[PDB]
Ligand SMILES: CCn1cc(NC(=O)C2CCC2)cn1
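This document opens with one chain alone, in structure tokens, the form solved without the ligand.
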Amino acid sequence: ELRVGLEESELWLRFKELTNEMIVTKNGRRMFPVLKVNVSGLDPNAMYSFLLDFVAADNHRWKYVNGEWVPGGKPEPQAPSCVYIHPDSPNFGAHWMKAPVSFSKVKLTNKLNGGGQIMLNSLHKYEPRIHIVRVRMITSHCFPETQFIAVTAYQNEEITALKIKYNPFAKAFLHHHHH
């Protein structure tokens, strides 16, 4: 029985509860927390490739006013992002099931989608989606705890405090809306 579990799901929930945010830049930024999954139930001798893309969690824009996230805008549907190929692809099912599969090197951008860079629209809520392709029978896997709003700068200052607390790299690289 094919099973895909989320690694460090409780840490993801700390950001999930406050509505997670991820920075997008012209050159791209790594995610925090990193997406890692545990896979069981593959054919260990078959060949598989692991793919990652980001789907719209909803079809409207978002704003952060008065210390809370508010929907808005005429809902225009957003197409999924480009796919990022896990660098170990293709590989045996035994390779994917021996250790957590990590997508730590993916970089989210708002400009250039080539290679390890994924282009996202600012102020939209995205959800990572993992594709396992037998080397084409495809299975797709997502986790609501990993949803986030792509932003060019951190809106919720509580998120900034969480990122600084748990991401060791946040400290090395370390206006409000009202009406």
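Note that residue numbering follows the sequence shown and begins at 1. Here the rigid core means the biggest group of C-alpha atoms that line up within 1.5 Å when the two forms are laid on top of each other. Shifts are known only where both forms have a C-alpha.
As for the form deposited with the ligand bound, it is not shown, yet the points below apply to it.
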query	finding
The ligand contact at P90 in the entry with it bound, heavy atom, 4.5 Å	yes
4.5 angstroms heavy atom contact with the ligand in the entry with it bound for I85	yes
Contacts with the ligand in the entry with it bound, stretch 116-140 (heavy atom within 4.5 Å)	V133, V135, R136
Position that moves between the shown form and the other one after core superposition, taken from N113, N38, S49, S122, with Cα shift of 2 Å or more	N113
Consecutive-residue runs (3+) with Cα displacement of 2 Å or more between the shown form and the other one, core aligned	112-116
